[PDB]
């Protein structure tokens with residue numbers, strides 16, 4: 001009256017591994033923020049060429 | 001049954017002399033994963049004879065709605081508890097090294113309980129401390145959300161600065177939630193919040 | 001069925017009262033208190049009693 | 001086998017941010033050195049017999065965080081010392097670290113609308129009402145280490161000026177004008193990606209060339225905390241703690257009690 | 001850089017009474033996998049002055065097409081060596097029950113060093129015995145292919161087994177026969193295959209029993225092979241040193257997969273060297289089969 005022995009593809013009879021799933025990536029990576037102060041804007045750069 | 005993510009690190013800069021190729025610098029990387037292994041259900045049975053002679057009207061949809069509300073409360077409780085644990089567990093005192101050389105740590109602010117209940121200024125100072133320490137580690141605060149239980153949500157509200165109209169940081173209607181004005185961050189009060197007892201109930205989603 | 005896990009440590013920051021290890025009753029004096037109670041006293045009107 | 005979607009543009013944009021951060025940090029460090037080096041006590045003689053020196057005011061580090069009136073008095077004192085040297089104070093800008101920025105903005109006089117010297121929105125950075133100079137927050141202030149190597153851009157021709165020393169370990173609130181520094185650029189920030197045939201590699205590089213030196217001697221004025229020469233950690237009482245804590249009691253109300 | 005196969009089990013049948021509702025039957029799904037880590041590159045150098053003064057026309061494409069053939073030969077040798085290791089290391093002796101209990105395990109047979117080439121009957125009986133012990137496991141005879149060197153092909157030729165059909169085939173159990181020279185050597189002193197590292201357990205390296213195999217039988221899905229880079233050749237001139245740098249690379253890997261469709265008929269070999277002097281463990285049976293094929297030959 002019950003399905004006592006469920007077939008399961010997520011278990012390894014031989015062992016040596018806990019599971020068999022694929023570990024998908026989902027396509028998301030994170031990095032540091034570092035807002036740009038842009039503090040040099042107050043000053044004149046005074047480009048130099050030649051000398 | 002799992003979902004992963006990857007984090008990248010820093011890159012180093014160095015001086016060059018003219019006419020040479022400088023050596024490179026490595027960049028580290030790491031990963032984080034989540035597993036899903038447990039499901040929860042709620043079931044009820046109604047006999048045909050007991051249904052046909054029933055004083056309550058439309059019993060079945062009412063039971064379904066109640067079940068939906070219970071299962072909706074469970075996920076909110078779980079989410080709040082999980083992010084609560086995540087805040088505590090990663091605090092520069094336990095981890096002491098970031099996942100990559102670049103990123104920073106979560107900040108936990110620990111204060112005495114008795115004084116926190118008595119004075120609202122104490123809680124406002126603690127929250128401002130946490131927010132500015134967030135700001136120090138290059139974290140933008142334009143989009144942040146604060147959750148408080150009703151007991152302390154009432155507490156933060158009663159400080160004179162927020163209540164008084166003369167002061168800059170004041171809001172008119174604060175029963176439904178207000179925006180802190182020292183840092184423009186909304187505050188949302190949530191009833192659901194973890195509670196502890198001596199007995200171990202062993203939350204269902206927990207596994208070995 | 002649903003699951004969750006903390007990630008992106010910089011995103012979440014929590015303020016927690018000091019609590020006894022064995023029981024939920026509060027007995028500790030706090031570990032971050034001194035960093036605080038110095039930030040509490042700035043938010044006050046200041047008077048010079050004569 | 002990277003498994004990463006883009007990798008290379010991400011590394012390039014990370015390198016660009018690194019270079020921009022160092023470029024800003026170097027400017028802040030040079031402003032601090034220009035403030036601290038020539039303060040009428042060490043120079044004892046102006047660069048030209050006419051002009052005047054920069055002003056450095058020193059305050060205790062411990063009492064700085066406890067009371068905002070202390071920092072407000074220090075800033076007002078620095079501005080007053082600047083103005084006594086008959087320099088216009090209209091085009092001045094103040095930089096403050098976040099921790100001390102919150103201290104300065106937490107004052108009752110600033111928040112209270114009734115007081116005439118109050119500003120409403122301060123999160124982006126408020127404007128000082130007593131002196132119309134604006135104040136902005138920054139996180140690029142230099143940090144000191146005991147055994148750190150020489151900072152890049154520093155060479156044994158310009159006296160190793162670029163790298164930091166102990167006295168500015170925890171300085172706050174640099175005050176500067178437009179003509180307070182003399183910067184120059186040789187090569188603008190340019191990023192390049194190479195694909196080397198000989199060695200099967202992808203090269204990602206970015207190079208830049210800046211320079212700076214403090215010259216005006218008057219447009220820069222810095223307030224700094226007293227700190228041990230040997231180590232970064234603060235100790236002792238600021239040299240100018242005597243004048244301050246008397247100016248800190250100006251902004252009070254009497255409130256006699258019967 | 002990992003490739004998985006995702007095996008699957010075999011179900012079981014059972015009788016049902018009216019209203020019995022029988023229970024169930026489970027499956028395994030072992031899912032072995034392979035990893036590829038190293039690349040193989042062949043490069044040649046041509047000077048600018050010699051290129052301008054070169055007698056041959058279109059020398060660089062010729063060098064490139066030669067390098068491609070060299071890489072192909074290395075590829076084939078590695079495939080054969082791995083397929084041989086799969087047959088050697090996967091008999092019932094070591095594993096003692098197969099993964100995915102439905103499928104089964106691969107078969108190996110041993111031959112004494114002498115009389116392997118002296119008597120064609122011995123070798124023919126051994127090959128047929130290995131082939132039938134394979135075919136007892138539902139191998140779908142049409143798929144499988146025999147691969148065996150020229151020296152032993154000549155010995156098998158003497159018996160009428162090999163007939164044309166432009167591949168060759170046995171009389172009974174008609175299957176294609178491909179003779180090849182790509183077989184393990186075991187020089188006893190060669191450093192490494194150059195495709196073996198510490199992490200992979202030093203595969204691709206010809207062990208002592210591997211040398212001298214008379215034949216090997218394989219089906220289609222007998223190996224798992226991974227390719228991250230297909231072989232490409234690019235001729236490029238660099239300004240600094242005036243050179244052409246043909247520079248071709250391969251970057252592949254492989255592993256035994258099916259565990260059941262590989263049969264190997266290696267002869268007995270002496271350990272740590274050549275000079276077999278081996279009696280052969282699986283001999284007592286095969287010789288009895290070798291004497292099976294005789295002619296009555298009544299005298300006049």
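Values quoted throughout were computed directly from the atomic coordinates according to the rules given, and no laboratory measurement underlies them. Reconstructed Cβ throughout: ideal geometry from the backbone, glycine too, with neighbour counts over all protein chains shown.
Only one residue in B:109, B:100, B:139 is in contact with a strand residue (DSSP E or B) (Cβ under 7 Å, 6 or more places away or on another chain) and within 9 Å of chain C (Cβ to nearest Cβ). Which one? Give the derivation first.
Working: B:100 fails: within 9 Å of chain C (Cβ to nearest Cβ); B:139 fails: in contact with a strand residue (DSSP E or B) (Cβ under 7 Å, 6 or more places away or on another chain).
Sole residue among the options that is in contact with a strand residue (DSSP E or B) (Cβ under 7 Å, 6 or more places away or on another chain) and within 9 Å of chain C (Cβ to nearest Cβ): B:109.
Does residue E:270 count as surrounded by 15 or more Cβ atoms within 10 Å (Cβ to Cβ) and farther than 13 Å from residue E:85 by Cα? Full working, then the answer.
Details: surrounded by 15 or more Cβ atoms within 10 Å (Cβ to Cβ): no; farther than 13 Å from residue E:85 by Cα: yes.
Here the answer is no, as residue E:270 does not meet what is asked.
With the requirement that a residue be exposed (fewer than 14 other Cβ atoms within 10 Å of the Cβ) and within 14 Å of chain C (Cβ to nearest Cβ), what does the stretch D:240-251 give you? Walk me through how you get there before you give the answer.
The initial filter retains those residues of the stretch D:240-251 that are exposed (fewer than 14 other Cβ atoms within 10 Å of the Cβ), namely D:242, D:246, D:249-250.
D:246, D:249, D:250, listed by residue number.
Identify the residue in the stretch D:99-128 that is within 21 Å of the chain's Cα centre (by Cα) and surrounded by fewer than 17 Cβ atoms within 10 Å (Cβ to Cβ) and, among all such residues, is nearest to the other protein chains (Cβ to nearest Cβ). So that I can check it myself, show each step before the final result.
Let us first name the residues in the stretch D:99-128 that are within 21 Å of the chain's Cα centre (by Cα), namely D:99-106, D:122-128.
Filter again for surrounded by fewer than 17 Cβ atoms within 10 Å (Cβ to Cβ), leaving D:123-124, D:127.
Working: D:123: 6, D:124: 9, D:127: 14 Å.
Only one residue tops the list, namely D:123.
Within the stretch E:29-43, can you find the residues that are surrounded by 15 or more Cβ atoms within 10 Å (Cβ to Cβ) and either in contact with a helix residue (DSSP H, G or I) (Cβ under 9 Å, 6 or more places away or on another chain) or on the phi > 0 side of the Ramachandran plot (or both)?
Listed by number, the residues that qualify are E:29, E:31, E:40, E:42.
Among the residues of the stretch E:6-60, write down those that are within 14 Å of chain A (Cβ to nearest Cβ) and touching a strand residue (DSSP E or B) at 6+ places or on another chain (Cβ under 6 Å).
Within the stretch E:6-60, E:31, E:33 qualify.
Checking residue A:11 against (1) under 30 Å from residue C:9 (Cα atoms); (2) within 14 Å of chain E (Cβ to nearest Cβ), which test does it fail?
(1)
Has the stretch A:28-46 got any residue that is at negative phi, surrounded by 10 or more Cβ atoms within 10 Å (Cβ to Cβ) and within 14 Å of chain E (Cβ to nearest Cβ)? Quick ask: steps written out before the conclusion?
We begin by selecting, within the stretch A:28-46, every residue at negative phi; these are A:28-33, A:35-37, A:39-45.
With the extra rule that they be surrounded by 10 or more Cβ atoms within 10 Å (Cβ to Cβ), the set shrinks to A:28-33, A:35-37, A:39-40, A:42-45.
Still in the running and within 14 Å of chain E (Cβ to nearest Cβ): none.
No, the stretch A:28-46 contains no residue that is at negative phi, surrounded by 10 or more Cβ atoms within 10 Å (Cβ to Cβ) and within 14 Å of chain E (Cβ to nearest Cβ).
Return a yes/no flag: does the stretch B:180-202 have any residue that is surrounded by 13 or more Cβ atoms within 10 Å (Cβ to Cβ), more than 13 Å from every other protein chain (Cβ to nearest Cβ) and farther than 25 Å from residue B:83 by Cα.
No - not one qualifying residue is present in the stretch B:180-202.
Kindly indicate whether residue B:147 is under 16 Å from the mean Cα position of the chain (by Cα), more than 7 Å from chain C (Cβ to nearest Cβ) and either surrounded by fewer than 20 Cβ atoms within 10 Å (Cβ to Cβ) or part of a strand (DSSP E or B) (or both). Give the steps one after another, and end with the answer.
Details: under 16 Å from the mean Cα position of the chain (by Cα): yes; more than 7 Å from chain C (Cβ to nearest Cβ): yes; either surrounded by fewer than 20 Cβ atoms within 10 Å (Cβ to Cβ) or part of a strand (DSSP E or B) (or both): yes.
Yes: the conditions hold for residue B:147.
Select from the stretch B:17-42 the residues that are part of a loop (DSSP other than H, G, I, E, B) and either surrounded by 13 or more Cβ atoms within 10 Å (Cβ to Cβ) or under 31 Å from the mean Cα position of the chain (by Cα) (or both) and list them in ascending order. Steps first, answer last, please.
From the stretch B:17-42, those part of a loop (DSSP other than H, G, I, E, B) are B:17-28, B:36-42; that's our starting set.
Residues satisfying the conditions are B:24, B:27, B:28, B:36, B:37, B:38, B:39, B:40, B:41, B:42.
Inside the stretch D:210-239, can you point out the residues that are crowded, with 18+ Cβ neighbours inside 10 Å and in contact with a strand residue (DSSP E or B) (Cβ under 7 Å, 6 or more places away or on another chain)? Spell out the reasoning first.
Keep residues of the stretch D:210-239 that are crowded, with 18+ Cβ neighbours inside 10 Å, which gives D:210, D:212, D:214, D:216-227, D:238.
Once the filter is applied, which keeps residues that are crowded, with 18+ Cβ neighbours inside 10 Å and in contact with a strand residue (DSSP E or B) (Cβ under 7 Å, 6 or more places away or on another chain), the stretch D:210-239 yields D:210, D:219, D:220, D:221, D:222, D:223, D:224, D:225, D:226, D:238.
Those residues that are over 30 Å from residue E:26 (Cβ atoms) and either outside any loop (DSSP other than H, G, I, E, B) or touching a helix residue (DSSP H, G or I) at 6+ places or on another chain (Cβ under 6 Å) (or both), I need them from the stretch A:4-51; list them, please. Reasoning before the result, please.
Here is the first cut: in the stretch A:4-51, the ones over 30 Å from residue E:26 (Cβ atoms) are A:25-51.
A:29, A:30, A:34, A:36, A:37, A:39, A:40, A:41, A:42 - these are the residues of the stretch A:4-51 that are over 30 Å from residue E:26 (Cβ atoms) and either outside any loop (DSSP other than H, G, I, E, B) or touching a helix residue (DSSP H, G or I) at 6+ places or on another chain (Cβ under 6 Å) (or both).
Does the stretch E:177-206 hold any residues that are surrounded by 15 or more Cβ atoms within 10 Å (Cβ to Cβ), within 14 Å of the chain's Cα centre (by Cα) and in a loop (DSSP other than H, G, I, E, B), and which are they? Working first, answer last.
First, the residues of the stretch E:177-206 that are surrounded by 15 or more Cβ atoms within 10 Å (Cβ to Cβ): E:177, E:179, E:182-184, E:186, E:193, E:195-196, E:200, E:203-206.
In the following step, the residues that additionally are within 14 Å of the chain's Cα centre (by Cα) were identified as E:177, E:179, E:182-184, E:203-206.
Answer for the stretch E:177-206, where residues must be surrounded by 15 or more Cβ atoms within 10 Å (Cβ to Cβ), within 14 Å of the chain's Cα centre (by Cα) and in a loop (DSSP other than H, G, I, E, B): E:182, E:183, E:184, E:203, E:204, E:205, E:206.
Quick one: how many residues across the stretch B:57-105 are under 16 Å from the mean Cα position of the chain (by Cα), farther than 30 Å from residue D:14 by Cα and surrounded by 13 or more Cβ atoms within 10 Å (Cβ to Cβ)? So that I can check it myself, show each step before the final result.
Let us first name the residues in the stretch B:57-105 that are under 16 Å from the mean Cα position of the chain (by Cα), namely B:73-91, B:105.
Remaining after also requiring farther than 30 Å from residue D:14 by Cα: B:73-82, B:84-85.
If we keep only those that are surrounded by 13 or more Cβ atoms within 10 Å (Cβ to Cβ) as well, we get B:74-82, B:84-85.
Here the count works out to 11.
Which members of the stretch B:169-179 meet the condition of being surrounded by 11 or more Cβ atoms within 10 Å (Cβ to Cβ), away from chain C (no Cβ under 12 Å) and in a loop (DSSP other than H, G, I, E, B)?
If the condition is that a residue be surrounded by 11 or more Cβ atoms within 10 Å (Cβ to Cβ), away from chain C (no Cβ under 12 Å) and in a loop (DSSP other than H, G, I, E, B), then B:170, B:171, B:174, B:177, B:178 are the ones that fit.
Is at least one residue of the stretch E:265-282 in a strand (DSSP E or B) and within 30 Å of residue E:115 (Cα to Cα)? Spell out how you get there, then give the answer.
Looking only at the stretch E:265-282, we keep the residues that are in a strand (DSSP E or B), and these are E:267.
Filter again for within 30 Å of residue E:115 (Cα to Cα), leaving E:267.
Yes; the residues of the stretch E:265-282 include at least one that is in a strand (DSSP E or B) and within 30 Å of residue E:115 (Cα to Cα).
Give the residues of the stretch C:9-26 that are surrounded by 15 or more Cβ atoms within 10 Å (Cβ to Cβ) and part of a loop (DSSP other than H, G, I, E, B), sorted by residue number.
C:12, C:18, C:19, C:26
Residue E:245: assigned to a loop (DSSP other than H, G, I, E, B), within 14 Å of another protein chain (Cβ to nearest Cβ) and on the phi > 0 side of the Ramachandran plot, yes or no?
On the way: assigned to a loop (DSSP other than H, G, I, E, B): yes; within 14 Å of another protein chain (Cβ to nearest Cβ): yes; on the phi > 0 side of the Ramachandran plot: yes.
Taking the combined requirement at face value, the residue satisfies it.
Quick grid of which residues meet (1) over 30 Å from residue E:72 (Cβ atoms); (2) over 16 Å from the mean Cα position of the chain (by Cα):
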residue	(1), (2)
E:93	yes, yes
E:100	yes, yes
E:107	no, no
E:127	no, no
E:134	no, no
E:142	no, yes
E:166	no, yes
E:175	no, yes
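When you go through (1) over 24 Å from the mean Cα position of the chain (by Cα); (2) surrounded by 11 or more Cβ atoms within 10 Å (Cβ to Cβ); (3) within 14 Å of chain E (Cβ to nearest Cβ) one by one for residue A:21, which number turns out not to apply?
(1)
Is there a residue being within 29 Å of residue B:106 (Cβ to Cβ) and out of contact with any helix residue (DSSP H, G or I) (no Cβ under 6 Å at 6 or more places or on another chain) anywhere in the stretch B:38-56? So that I can check it myself, show each step before the final result.
Here is the first cut: in the stretch B:38-56, the ones within 29 Å of residue B:106 (Cβ to Cβ) are B:38, B:40.
If we keep only those that are out of contact with any helix residue (DSSP H, G or I) (no Cβ under 6 Å at 6 or more places or on another chain) too, we end up with B:38, B:40.
Within the stretch B:38-56, one or more residues are within 29 Å of residue B:106 (Cβ to Cβ) and out of contact with any helix residue (DSSP H, G or I) (no Cβ under 6 Å at 6 or more places or on another chain).
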